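Everything on this sheet refers to the single structure shown next.
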There are 4 protein chains.
Amino acid sequence: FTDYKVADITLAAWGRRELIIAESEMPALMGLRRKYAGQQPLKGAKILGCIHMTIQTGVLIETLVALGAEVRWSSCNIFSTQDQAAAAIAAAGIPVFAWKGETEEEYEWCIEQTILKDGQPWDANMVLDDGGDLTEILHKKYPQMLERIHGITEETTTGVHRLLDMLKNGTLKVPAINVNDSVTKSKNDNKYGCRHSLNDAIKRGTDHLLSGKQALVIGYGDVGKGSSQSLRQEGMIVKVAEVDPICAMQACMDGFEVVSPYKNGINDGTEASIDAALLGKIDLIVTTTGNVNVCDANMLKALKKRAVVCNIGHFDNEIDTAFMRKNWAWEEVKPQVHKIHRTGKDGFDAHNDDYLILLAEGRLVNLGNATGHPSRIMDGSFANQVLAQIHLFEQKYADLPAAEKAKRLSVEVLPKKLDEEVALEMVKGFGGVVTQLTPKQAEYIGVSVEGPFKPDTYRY
Amino acid sequence: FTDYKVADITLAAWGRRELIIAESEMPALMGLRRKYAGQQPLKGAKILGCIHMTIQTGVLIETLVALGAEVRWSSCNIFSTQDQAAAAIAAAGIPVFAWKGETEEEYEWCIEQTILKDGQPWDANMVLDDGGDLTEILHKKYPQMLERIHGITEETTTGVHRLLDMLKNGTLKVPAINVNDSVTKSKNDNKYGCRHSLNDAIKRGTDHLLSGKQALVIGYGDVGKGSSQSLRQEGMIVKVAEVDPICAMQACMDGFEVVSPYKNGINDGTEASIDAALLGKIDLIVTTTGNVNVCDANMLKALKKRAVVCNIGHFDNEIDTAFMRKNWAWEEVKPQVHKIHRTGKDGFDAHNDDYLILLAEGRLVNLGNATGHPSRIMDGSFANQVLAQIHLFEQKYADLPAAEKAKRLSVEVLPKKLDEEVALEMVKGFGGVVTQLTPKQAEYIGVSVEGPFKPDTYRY
Amino acid sequence: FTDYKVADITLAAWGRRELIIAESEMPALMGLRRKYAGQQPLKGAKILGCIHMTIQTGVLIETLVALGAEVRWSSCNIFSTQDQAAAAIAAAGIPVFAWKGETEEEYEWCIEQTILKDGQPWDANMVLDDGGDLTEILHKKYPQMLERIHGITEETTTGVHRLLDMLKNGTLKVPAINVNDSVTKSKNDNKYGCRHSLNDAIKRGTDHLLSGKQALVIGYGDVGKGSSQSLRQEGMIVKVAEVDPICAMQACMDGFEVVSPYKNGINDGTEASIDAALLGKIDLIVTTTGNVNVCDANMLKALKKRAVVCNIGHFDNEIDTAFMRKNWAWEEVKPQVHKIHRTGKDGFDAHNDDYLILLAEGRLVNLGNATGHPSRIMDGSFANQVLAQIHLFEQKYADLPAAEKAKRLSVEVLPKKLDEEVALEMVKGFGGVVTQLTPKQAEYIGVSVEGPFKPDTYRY
Amino acid sequence: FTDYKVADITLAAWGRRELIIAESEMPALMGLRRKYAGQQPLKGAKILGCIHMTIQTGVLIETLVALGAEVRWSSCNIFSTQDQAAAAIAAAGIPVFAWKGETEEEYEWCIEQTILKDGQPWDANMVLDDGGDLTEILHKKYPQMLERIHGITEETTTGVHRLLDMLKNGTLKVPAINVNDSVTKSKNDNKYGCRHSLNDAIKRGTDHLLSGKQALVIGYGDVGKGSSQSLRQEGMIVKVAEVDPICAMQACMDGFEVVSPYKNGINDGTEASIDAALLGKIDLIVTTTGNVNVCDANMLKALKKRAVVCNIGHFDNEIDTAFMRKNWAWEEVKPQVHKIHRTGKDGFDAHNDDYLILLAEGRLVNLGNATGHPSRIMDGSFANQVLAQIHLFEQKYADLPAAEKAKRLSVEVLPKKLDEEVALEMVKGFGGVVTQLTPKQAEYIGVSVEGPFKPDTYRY
Ligand SMILES: NC(=O)c1ccc[n+]([C@@H]2O[C@H](COP(=O)([O-])OP(=O)(O)OC[C@H]3O[C@@H](n4cnc5c(N)ncnc54)[C@H](O)[C@@H]3O)[C@@H](O)[C@H]2O)c1
Ligand SMILES: NC(=O)c1ccc[n+]([C@@H]2O[C@H](COP(=O)([O-])OP(=O)(O)OC[C@H]3O[C@@H](n4cnc5c(N)ncnc54)[C@H](O)[C@@H]3O)[C@@H](O)[C@H]2O)c1
Ligand SMILES: NC(=O)c1ccc[n+]([C@@H]2O[C@H](COP(=O)([O-])OP(=O)(O)OC[C@H]3O[C@@H](n4cnc5c(N)ncnc54)[C@H](O)[C@@H]3O)[C@@H](O)[C@H]2O)c1
Ligand SMILES: NC(=O)c1ccc[n+]([C@@H]2O[C@H](COP(=O)([O-])OP(=O)(O)OC[C@H]3O[C@@H](n4cnc5c(N)ncnc54)[C@H](O)[C@@H]3O)[C@@H](O)[C@H]2O)c1
Ligand SMILES: Nc1ncnc2c1ncn2[C@@H]1O[C@H](CO)C[C@H]1O
Ligand SMILES: [Cl-]
Ligand SMILES: [Cl-]
Ligand SMILES: [Cl-]
Ligand SMILES: [Cl-]
Ligand SMILES: [K+]
Ligand SMILES: [K+]
Ligand SMILES: [K+]
Ligand SMILES: [K+]
């Protein structure tokens, strides 16, 4: 077996030990293996996967394979692979093209190695994506392959936005499931995963004390909620920025001061608009938005000396790292940790005090500087992925006549009953005991004893 | 002026001082007063109101009046009135029939005094309700009045469930707005209000140390989330019960142990099914469900001696207080605080150690033993109420032709843009500064710079 | 029986019900009753007591009486009495002179009624004091009575400071025990009691939401630690001031921003030295120092409109309330809650926005606006009081010859073994289980299996 | 230069970059460098140092050298060295013998290389120790060297206990300073350091989600306080064991349930005495005691399958790892992470579910699996070390006449004024501003405006 490319195949046994531990931390996903292994619901599925090649993703891949699938895999970020996980998957005879510290050229080459087998398009019929890069390449470069693909299952709110833009423009070629919008994904992974992993990554990269220091979290959606908690629970003094007044209300009620980098919140592009007094007191800035240029050049210029700058949104463009590359000298401390010297670009002084510390070159910091979300949290997201793969594969969209395809071409979420079933396995993993409604109580609130327990409008 | 009934009109000046302070804590609601006072959008409205006669409700009532309405008011709970608030409203020449410590007969009489003026139905044309009791009485006993009513604005998730049952059965006679499902209601009031007011009520009633003691919170919806936090932040060791596995998942991730009162969660009605070991260690039980008999007779029998029992859901039927009335002796400590002696019903021993402490006779504890939610939280709920009253009044359902009425007979929520506008005023009240999107950023995420900022599916 | 003065003797039965509950919350104190009742170690003791006449103090008084003492009692603060507690004690035939809302003249008259019985000095032979006022009156006005007194047991760090000044000057006439410096007093009561009771008092007085608002806590000793936690756990954004860099270090590490009201910390008496920007953002100031004028006139002038001002240190002079009385108009909201109108002193405008809310007229806010510390915390302080009374009474200093008195005239703390025994009863009250050392383990760390477990230098 | 032994000298540049960052996080220690560099107070000092060879210790070493000292260094634990720190120190021409993953034989050899230079005793005249191993070797094996040594500065509460045993027995040969008992050491490092670094180490070793899982912390001294917080802030459900009722009282008040591994707390050595129900629910056990066999063989047998076991006390003997070595098979996952298979000793099944995960082979977990305490915390401990070295070096005990030596042979602490001065530099590092007392306020509380601010009895 040679149809793979990883950093170091001798890391496989270490990865396999970590996969075995992870399986014990992932009861929803393992439960699906056990439930469906007889049936082989993914027999004949040929899945192109593009998602962070971590130990958690290894358990996902091996679940899909245990259910009958074949796969070809790549990472969706240049710094997120755990090389022992990639090695263990390759050593199992699964095609994977992923290593920590890819260049952009290598990143694109890895996705292409999944798409092509022996120099020609693979017989793919399903896509599992995280962020939409693989989806975009297939639509732009490999439309013939999409003719034979039954569906896309997309992990991220960023990627879903990209799918919805395509649907609106009539350019989406295959149906999709929005995995993000399961409650056991968005209100588990996006929030509690970042709670676990943000402070982890900052400690691993810097070993800085966080207690007593000042942080600014840009955004207060699910990731910004989790991130703010990650830092506050360590004793940081956390301030929060938002454009959405409802999320800002939540931040206030949650005990944070809501501030803007700009005077009166007005971002008009001048240095004069920056709240220099505010930014000059910040020790750590974290972007969480999924938006562009939310930690901009003028903000970077105004930050307190020796501040840490990082991004936990999907794509690096949240921070103006291009400005920093053009203007300032980068001193690498160790992989994924750079001092950015604001003195200029013509070399640097190792003892200069006027620098910022950038983590993961602005790429997702939890995966870049640590190991991303823990297995017991990714259990929820990845159980949803498996259920979504099963649903779209069984629907067989590619084999439908044109008129029937037109009725099915949509971006949908999984039903609440399945979200509940995933949650129950997670709860049992903690040793939790859910109460069963009596028939009188189920009648009283208007639900089945089996669920679903909430209307689709419920926000949790 | 004599068209009122309150405990003590001499409390009015104290109430008025507290209304003036509350106005300073309610910027959304005060902002609506300022914005709409010229236009008089509620000129000609005649509103029957049934909601807890607190200081916060006084600010609501006076906003409605300032916008042009006439009202006739009662409380929706026998213990929730603040007598100084009722007095201040009556002293202002507004019909109010409410006092703390009503009997059930008096409660019904008060609602009837709003409905009848001078012994005949008042020419009401709007309803503001909290829990659905007024709505039910109008449908059952005064259906002719509904022929002239343009709509109902309902505060509570309980009352909305009741309205949806009526709609489904074809018995709802006028359209309604579900105020609860604004984010600035459900994810503000239900959660943060109970966070503020649950520990407040327990301290006022008992003066018990909470730190280091064991609590069981039944339910983990919005009220159970806020309640659990109210107790955990004081240092309680909190366990959480749930029937909904998604809510139970949240509780686990939030750092609580998820337990059932019943062995393996099976509530089969025998004493043998009670987890006596668990209940024998609990110092405080709080019900949050909106369901029936979630703290049942067998649970009450198994609780640790001297445990506190209370309910923060809308109706008292969450706890089997009828069982306690039939079997055990009640020693009143002070109003809304009773020791329930498990020794029997034939008198009590003042020094008996085998008792429970019941707060507010099992009625909503925050309002019964304290003052309910604080003004700055109720600002959100009550701004929504005013917007909802304006919308339904302006739509004039009662005046529509039959075919037009058929198209508008619905239970609806307010638009997200208005939810956002309420939130923004709340945030400004904390001194928060919301950032404005640049045109490029608004394009990038697919929103208007003015909002709304999220799709209707977003859960916050 | 007529040898008492209370607000309303008909409150006795309510007080007695609350005493019975409190006994169930005070296992250390009740354990001393049970242990020593046979022996009657306080038979012949005649105790002048001056400490907050709360339910908790009632349990203390009745323990002393159960052990053989007779007492005459007063409160040590004009606003701290719970009138039902005072009534219950009077109804039991115990001389008590205390009510909530005394004037200064009445306060002094009440202490004098304890000292004098039937117009002549009582046959006192012990003193229990909280803050040193009774101790001072005896030394200045009744030195003949001190000849027959065996000792003073003093609750407070303020009062201990006053005792140590007297000892140093050679004016202390009888020995004392510093009850404060038991760990089960200072590191229980001073910290966790204020954690429980500060937010309680502010809610009762104002009903303000605390979450999301800005607080300044002046001091970070035991009370400032507890107070800061009381507010932070509610979601306040808390800043801390200190003069002691070690306590300030603790505040930083605990996750607070450490600030001064004065520019660069320099308090030189001018308006120019005030950090107006800082004070203009503060919603709540709490003094915790035991020092003088730590919330001074210039600070008061600079506070944000509608800020709440309160003091939880023993004496009101922490806040310059005299300045406010001389310059600004006081609008009483309700007892212990005043709006202080910064517009001037010539009447007030009920709708003026430029006011501060002062709680308890600057007197200890927890006792003034709520009920002070909870029974389960006061159990520790008051068990120490009883042990201290027993020790000094048994030593019989007054009966010693002059040369022997000279050897015993000291201010001392209780031995660690007794502090440990109190703590063990508290722990058992929570259902806690302490592990017993094996003989090998006790040898390994150099302690007895029975304790004491730490050297006297240990700080906990 | 060849007088060193490290893992990899090519790591030096990386170490030096991390030292430069650490200097920016250590203002107290850097401030001492600046203050004393002119004076060279350690000119002629020849310091044998034995303390964890981390980046933080590198800043300490280079401060000592900057003040005039020569040193010879080793680590005090086999797993605590950061190889890049050791390399940087060796590359600077400083003798260091330390690497991560020493054997016990290598550990002893490294200490011997500090003691011997060119095969003969070095002319050492000062000792800096952490845990007492170097001190013991000098007293037992090299007593002639102690004739020329002016003093020992000891980091740890374990090592101080060892010094006090020697003093009591008349076997201590040179005076010592107890560095641990500075408040800026014990109530900074022991508490907040473990708060930072315990959860860090567990995440690095296992990548386990902690939220929602059950932990047992054995001990509630400074390390157990910080450790419990490290876990609770992540959402663990933490129970605490203690032998000291005062520490157990604190745990209850801090919101933890206090439990014993043994039924009724009685550790009589039989399996029957183990509370199997309790231990069978524990996911993580952490020992913090400084005692022996506090996680014993019978406890290990009863723990829930797949529990994590670790120790953060100074020595590994807290956990019965010898029992595990004799009876159970060890599967290495990666360095400092072993699965201990309870199935037996004859090989292991890679898929066995009945194992425990042991971190750092039971040695101090924060240093073994992460990087120990962060620089900004170690600044306090290490500033104290430098002050202590200066004091004892300047006192010149070895040169004193016999009668003079007898008066100075003691174990002492640094003065409070110096503790305060360290704290002040720490506070300024956070941007904190300490208030200066006015003359009137200093008089009122009986202190100098310059401090010290508290009596020596104050516990903070
Ligand atoms: N690193 C991880 O493991 C991880 C985990 C989950 C999600 N994500 C990624 O994080 C991003 C955010 O995801 P989410 O679920 O929080 O989305 P979300 O929509 O819940 O929240 C994003 C928030 O950013 C706010 N925002 C937008 N522009 C802003 C600006 N200029 N200033 C301040 N606030 C602004 C929005 O109002 C919104 O509330 C996405 O790219 C998502 O894919 C990363
Ligand atoms: N006292 C107050 O001020 C206040 C504030 C807001 C809402 N409320 C009332 O509180 C109630 C709950 O409101 P909410 O917004 O939390 O509703 P919700 O639907 O968000 O939550 C109720 C929860 O109870 C759970 N539940 C139902 N039966 C259960 C059982 N037998 N055991 C355990 N859990 C069970 C459900 O699964 C659900 O998650 C309603 O009656 C509402 O009107 C009171
Ligand atoms: N209300 C209550 O129930 C209650 C409970 C316990 C103690 N107390 C009282 O509270 C007071 C404080 O007691 P404590 O045990 O915290 O004493 P403490 O000595 O532990 O702490 C007082 C703190 O105030 C600081 N301080 C002094 N002057 C200051 C200034 N100008 N600015 C800022 N900080 C300053 C000191 O450095 C010290 O750390 C005493 O009067 C005590 O009797 C009240
Ligand atoms: N890993 C680190 O970085 C680090 C940091 C500081 C201290 N330490 C070490 O940690 C240890 C503890 O230090 P500390 O400052 O907390 O000491 P401490 O004396 O403050 O606390 C130890 C606690 O253990 C308790 N204890 C003793 N035997 C027990 C038993 N059988 N069961 C339960 N509790 C028991 C004691 O009562 C005491 O309260 C020492 O070995 C110290 O050197 C390690
Ligand atoms: N202070 C207060 N005034 C009026 N309504 C309140 C209140 N506190 C809680 N409520 C409302 O009471 C509802 C339940 O009947 C939930 C909440 O909207
Ligand atoms: Cl996402
Ligand atoms: Cl509701
Ligand atoms: Cl005190
Ligand atoms: Cl130590
Ligand atoms: K991970
Ligand atoms: K209220
Ligand atoms: K009390
Ligand atoms: K470190």
Side-chain angles (χ1 to χ4, degrees), chain A residues 51-52 76 129-132 154-162 178-182 185-191 193-194 203-204 206-209 221-223 226 288-290 312-315 364 372-373 381 384, chain B residues 51-52 76 129-132 154-162 178-182 185-191 193-194 221-223 226 288-290 312-315 364 372-373 378 381 384, chain D residues 18-19 21-22 25-26 52-59 80-82 84-85 189 193 196-197 200-201 204 366-367 369-379 381-382:
Chain A
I51 182 165
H52 311 294
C76 67
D129 205 4
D130 182 307
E154 173 55 55
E155 183 81 0
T156 68
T157 180
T158 293
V160 170
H161 181 74
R162 294 172 80 178
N178 171 1
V179 174
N180 186 67
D181 274 314
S182 288
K185 197 304 186 166
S186 53
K187 309 309 167 171
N188 160 40
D189 166 331
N190 298 33
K191 184 189 304 177
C194 292
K203 291 183 191 171
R204 297 188 200 204
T206 72
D207 296 290
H208 281 349
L209 176 67
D222 293 321
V223 173
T288 76
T289 68
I312 194 161
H314 185 78
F315 284 125
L364 329 91
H373 292 3
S381 304
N384 283 277
Chain B
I51 182 165
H52 310 294
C76 66
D129 205 2
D130 181 309
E154 175 55 56
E155 184 84 356
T156 67
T157 182
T158 292
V160 170
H161 181 74
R162 295 172 80 179
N178 170 0
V179 177
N180 186 65
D181 277 312
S182 288
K185 197 303 187 168
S186 53
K187 303 190 66 161
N188 158 43
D189 170 326
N190 298 32
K191 186 162 44 177
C194 293
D222 288 327
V223 172
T288 75
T289 67
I312 196 163
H314 186 78
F315 283 125
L364 331 89
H373 293 1
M378 293 311 301
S381 306
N384 282 277
Chain D
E18 290 193 347
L19 288 168
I21 293 164
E25 289 284 305
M26 301 176 92
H52 310 294
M53 185 59 258
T54 63
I55 290 292
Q56 296 68 45
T57 291
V59 185
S80 60
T81 295
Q82 293 184 276
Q84 71 279 22
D189 170 326
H196 176 97
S197 65
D200 188 12
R204 299 189 200 204
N366 61 330
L367 286 151
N369 283 91
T371 69
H373 293 1
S375 300
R376 193 169 293 274
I377 286 175
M378 293 311 301
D379 189 35
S381 306
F382 290 171

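Remember, it's 1-based here, ligands and their atoms both numbered in the order they're listed. Just the heavy atoms: all of them, side chains too, but no hydrogens, waters or symmetry mates, feed the values below. Just so we're on the same page: letters track the sequence lines, and every chain starts at 1.
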### Query
With a 4.5 Å heavy-atom cut-off, do D:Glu25 and A:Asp207 have their side chains touching?
no
### Query
Can you name the residues that form a side-chain hydrogen bond (donor to acceptor under 3.5 Å, both in side chains) with B:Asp222, not counting sequence neighbours?
none
#### Entry: Angle, OE1 of D:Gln56 through the K ion (ligand 13) to O of D:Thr371 - 10° precision
80°
### Pairing residues for B:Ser186 by the side-chain hydrogen bond (donor to acceptor under 3.5 Å, both in side chains) criterion, not counting sequence neighbours
none
### Query
What N/O/S atom of D:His373 gets nearest to the K ion (ligand 13)?
O
### Query
Checking side-chain hydrogen bond (donor to acceptor under 3.5 Å, both in side chains) against A:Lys185, which of A:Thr156, A:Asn190, A:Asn178 comes through?
A:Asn190
### N, O or S atom of D:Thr54 closer to the K ion (ligand 13) than 3.4 Å
no
